[PDB]
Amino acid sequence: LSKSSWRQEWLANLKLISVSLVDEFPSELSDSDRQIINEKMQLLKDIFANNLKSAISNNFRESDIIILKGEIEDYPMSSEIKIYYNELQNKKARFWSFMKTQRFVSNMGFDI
């Protein structure tokens, strides 16, 4: 019930998960800020596809895990993803922040 049991249980679940990585960004970001995030997003996409054996979704509505380019709170009300997150409040998919996803993969044995 502890250490790699958790890693092993996740590895199994991820083989049966659809993961979508978001296109939209949180408010007030510079071109560099966005680039740096995009590069990181790109490797997270690889770990999920290649290592965690998850299916990469091009539709965030058709996925069990949604990977954000920041915290959902920082996303504007008007963005497609925030709109979707808000409708899912009436019962769903797991909305992970950019930092949380980084933490997860690192615990899975895939550091950046």
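Quick note: we count residues from 1 along the sequence shown, nothing fancier.
Asks: Quick one: classify how much of the deposited chain lacks coordinates between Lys91 and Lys92, choosing none, 1 to 3, 4 to 9, or 10 or more.
Replies: The entry leaves 4 to 9 residues without coordinates here.
Asks: Per the entry, where is the mean C-alpha temperature factor higher: 79-87 or 34-42?
Replies: Averaged over C-alpha atoms, the B-factors run higher in 79-87.
Asks: Name the third of the chain's ranked CA B-factors that contains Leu21, choosing lowest, middle or highest.
Replies: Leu21: CA B-factor falls in the lowest third of its chain.
Asks: Give the position of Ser27 by CA B-factor within its chain, expressed as the lowest, middle or highest third.
Replies: It belongs to the highest third of the chain when residues are ordered by C-alpha B-factor.
Asks: Can you tell me which third, lowest, middle or highest, the CA B-factor of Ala12 falls into for its chain?
Replies: Ranked within chain, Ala12 CA B lands in the middle tercile.
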